[PDB]
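Worksheet: the structure to be examined is printed underneath.
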Amino acid sequence: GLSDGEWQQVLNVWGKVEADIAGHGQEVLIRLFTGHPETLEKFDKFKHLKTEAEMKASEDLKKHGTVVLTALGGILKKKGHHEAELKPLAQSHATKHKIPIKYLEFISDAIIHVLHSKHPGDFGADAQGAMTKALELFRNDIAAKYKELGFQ
Ligand code: HEM
């Protein structure tokens, strides 16, 4: 549960991502795959990537980065009212992709890392707080649907 002030910060920060959604999306996925290599194994179409240079050179990875952040952005712009948007993602990730909630924690922190990396000194304490809460909300609502499905 975020305040309107906090949602304001979230969407303000998001304007940064929207100026270059492919570049952010790319770096988030790279941060995830290199921080936590077991995550790479869940992608049959990226599992071939061995090196970060290959990751950096992958237009399909950038493409998927765009799909992911486009989805996340759509969800964030709902300011918490994202049941319709979130339900199919929870379902596909639990039932088809089999993504444990731990990996959603991983990519949450990765987003935080990328924002600091791409905008050093421009991602303030208040901004980090709001973004972090927003990603926790996202994660928590997915976790509820995972529990429903009995998915571990
Ligand atoms: C902010 C978090 C995330 C968002 C918004 C997101 C969104 C999406 C979307 C929109 C798709 C394509 C449609 C679909 O299959 O539902 C997708 C596919 C997929 N996602 Fe996620 N995702 C997130 C996190 C993750 C994480 C953390 C993992 C694994 C570590 C993951 C693994 C996958 C895989 C394996 C696919 C299918 C890829 C393919 O074969 O095309 N996702 N995701």
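Every chain in the structure tokens has a letter given in the order shown (A, B, ...), and although residue numbers restart at 1 in each chain, ligands are simply numbered from 1 in the order shown.
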Ligand 1 neighbours within 6 Å using only C-alpha atoms and all ligand atoms, as number ranges by chain | A: 39, 42-43, 45, 67-69, 71-72, 89, 92, 97, 99, 103-104, 107
Produce a file of the selected residues containing C-alpha atoms, as a PDB file, in the first residue's frame.
```pdb
ATOM      1  CA  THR A  39      17.722 -17.771 -13.389  1.00  0.00           C
ATOM      2  CA  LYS A  42      14.487 -20.870 -16.863  1.00  0.00           C
ATOM      3  CA  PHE A  43      14.829 -19.349 -20.357  1.00  0.00           C
ATOM      4  CA  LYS A  45      15.934 -19.053 -25.538  1.00  0.00           C
ATOM      5  CA  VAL A  67       8.420  -6.895 -23.125  1.00  0.00           C
ATOM      6  CA  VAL A  68       9.133  -7.314 -19.434  1.00  0.00           C
ATOM      7  CA  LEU A  69       9.421  -3.615 -18.579  1.00  0.00           C
ATOM      8  CA  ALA A  71       4.437  -5.200 -18.745  1.00  0.00           C
ATOM      9  CA  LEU A  72       5.835  -3.940 -15.433  1.00  0.00           C
ATOM     10  CA  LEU A  89       1.399 -13.000 -15.329  1.00  0.00           C
ATOM     11  CA  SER A  92       1.972 -18.008 -16.609  1.00  0.00           C
ATOM     12  CA  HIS A  97       7.444 -20.806 -16.687  1.00  0.00           C
ATOM     13  CA  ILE A  99       9.395 -19.191 -11.657  1.00  0.00           C
ATOM     14  CA  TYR A 103      13.510 -14.949  -8.555  1.00  0.00           C
ATOM     15  CA  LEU A 104      11.008 -12.112  -8.460  1.00  0.00           C
ATOM     16  CA  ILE A 107      14.790  -9.030 -10.336  1.00  0.00           C
TER      17      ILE A 107
END
```
Sel. of alpha helix (DSSP H) residues, chain A, as number ranges by chain = A: 4-19, 21-35, 52-57, 59-76, 83-91, 101-118, 125-149
Compile the contact shell of residue A:52 as an MDAnalysis selection string: residues with an atom at most 10 Å away, counting only C-alpha atoms, same-chain residues fewer than 2 positions apart removed.
-> chainID A and resid 30:31 33:34 49:50 54:58
Written selection (N, CA, C and O atoms) as a PDB file, in the first residue's frame:
```pdb
ATOM      1  N   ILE A  30      20.370  -8.521 -17.693  1.00  0.00           N
ATOM      2  CA  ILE A  30      21.781  -8.862 -17.557  1.00  0.00           C
ATOM      3  C   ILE A  30      22.195  -8.934 -16.089  1.00  0.00           C
ATOM      4  O   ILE A  30      22.872  -9.882 -15.678  1.00  0.00           O
ATOM      5  N   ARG A  31      21.770  -7.946 -15.305  1.00  0.00           N
ATOM      6  CA  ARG A  31      22.040  -7.898 -13.869  1.00  0.00           C
ATOM      7  C   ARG A  31      21.488  -9.151 -13.182  1.00  0.00           C
ATOM      8  O   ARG A  31      22.135  -9.728 -12.298  1.00  0.00           O
ATOM      9  N   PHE A  33      20.748 -12.220 -14.700  1.00  0.00           N
ATOM     10  CA  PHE A  33      21.391 -13.429 -15.180  1.00  0.00           C
ATOM     11  C   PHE A  33      22.810 -13.580 -14.644  1.00  0.00           C
ATOM     12  O   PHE A  33      23.255 -14.693 -14.416  1.00  0.00           O
ATOM     13  N   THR A  34      23.513 -12.464 -14.457  1.00  0.00           N
ATOM     14  CA  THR A  34      24.900 -12.508 -13.985  1.00  0.00           C
ATOM     15  C   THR A  34      24.965 -12.531 -12.460  1.00  0.00           C
ATOM     16  O   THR A  34      25.871 -13.126 -11.880  1.00  0.00           O
ATOM     17  N   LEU A  49      23.257 -18.348 -23.940  1.00  0.00           N
ATOM     18  CA  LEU A  49      24.168 -17.269 -23.588  1.00  0.00           C
ATOM     19  C   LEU A  49      25.078 -17.711 -22.460  1.00  0.00           C
ATOM     20  O   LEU A  49      24.616 -18.120 -21.395  1.00  0.00           O
ATOM     21  N   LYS A  50      26.379 -17.639 -22.704  1.00  0.00           N
ATOM     22  CA  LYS A  50      27.353 -18.034 -21.700  1.00  0.00           C
ATOM     23  C   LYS A  50      27.978 -16.802 -21.085  1.00  0.00           C
ATOM     24  O   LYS A  50      28.148 -16.718 -19.870  1.00  0.00           O
ATOM     25  N   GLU A  54      27.916 -11.733 -24.938  1.00  0.00           N
ATOM     26  CA  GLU A  54      26.858 -12.319 -25.744  1.00  0.00           C
ATOM     27  C   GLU A  54      25.491 -11.791 -25.289  1.00  0.00           C
ATOM     28  O   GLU A  54      24.597 -11.545 -26.106  1.00  0.00           O
ATOM     29  N   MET A  55      25.330 -11.639 -23.981  1.00  0.00           N
ATOM     30  CA  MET A  55      24.098 -11.068 -23.433  1.00  0.00           C
ATOM     31  C   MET A  55      23.915  -9.643 -23.945  1.00  0.00           C
ATOM     32  O   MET A  55      22.847  -9.268 -24.410  1.00  0.00           O
ATOM     33  N   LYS A  56      24.980  -8.858 -23.844  1.00  0.00           N
ATOM     34  CA  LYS A  56      24.974  -7.476 -24.297  1.00  0.00           C
ATOM     35  C   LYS A  56      24.678  -7.372 -25.791  1.00  0.00           C
ATOM     36  O   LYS A  56      24.056  -6.406 -26.241  1.00  0.00           O
ATOM     37  N   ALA A  57      25.109  -8.376 -26.553  1.00  0.00           N
ATOM     38  CA  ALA A  57      24.989  -8.335 -28.010  1.00  0.00           C
ATOM     39  C   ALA A  57      23.662  -8.899 -28.496  1.00  0.00           C
ATOM     40  O   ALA A  57      23.354  -8.848 -29.681  1.00  0.00           O
ATOM     41  N   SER A  58      22.875  -9.441 -27.574  1.00  0.00           N
ATOM     42  CA  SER A  58      21.648 -10.140 -27.936  1.00  0.00           C
ATOM     43  C   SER A  58      20.479  -9.183 -28.138  1.00  0.00           C
ATOM     44  O   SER A  58      19.998  -8.577 -27.182  1.00  0.00           O
TER      45      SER A  58
END
```
Tell me which protein, DNA and RNA residues are within 6 Å of residue A:28, counting only C-alpha atoms, leaving out same-chain ones fewer than 3 positions away, and put them as a ChimeraX atom specification.
-> /A:25,31,110-111
Identify, on the basis of only C-alpha atoms, every residue whose closest approach to stretch 120-126 of chain A does not exceed 10 Å; exclude the query and any residue fewer than 6 positions from it along the same chain; express the result as a PyMOL selection string.
-> chain A and resi 6+9-10+13+16+112+114+132
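Going from atom CA of residue A:139 over to atom CA of residue A:101, you cover 7.5 Å.
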Please identify all polymer residues within 10 Å of stretch 143-149 of chain A, counting only C-alpha atoms, omitting same-chain residues fewer than 2 positions from it, and present them as a count of residues only.
-> 21
Contacts of residue A:85 at 9 Å (only C-alpha atoms; same-chain gap of 6+ positions) as a compact mmCIF listing (two decimals) with N, CA, C and O atoms, in the first residue's frame:
```
# COMPACT_ATOMS: atom_id res chain seq x y z
N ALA A 71 5.44 -4.58 -19.60
CA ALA A 71 4.44 -5.20 -18.75
C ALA A 71 4.49 -4.59 -17.34
O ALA A 71 3.46 -4.22 -16.77
N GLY A 74 3.07 -1.06 -17.30
CA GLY A 74 1.62 -1.09 -17.38
C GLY A 74 1.03 -1.34 -16.01
O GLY A 74 0.06 -0.71 -15.60
N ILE A 75 1.66 -2.26 -15.27
CA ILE A 75 1.20 -2.62 -13.94
C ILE A 75 1.42 -1.45 -12.96
O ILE A 75 0.50 -1.07 -12.22
N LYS A 78 -0.98 1.48 -12.88
CA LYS A 78 -2.29 1.23 -12.30
C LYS A 78 -2.33 1.67 -10.85
O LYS A 78 -3.41 1.75 -10.26
```
Residue with the minimum atom-to-atom distance to residue A:19, picked from A:63, A:96, A:118, A:133 with only C-alpha atoms counted, is A:118
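Using only C-alpha atoms for every distance, the candidate list A:59, A:135, A:117, A:3 yields A:135 as the residue closest to residue A:76.
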Using only C-alpha atoms, pick whichever of A:64, A:98, A:77, A:116 has the shortest atom-to-atom distance to residue A:15.
-> A:77
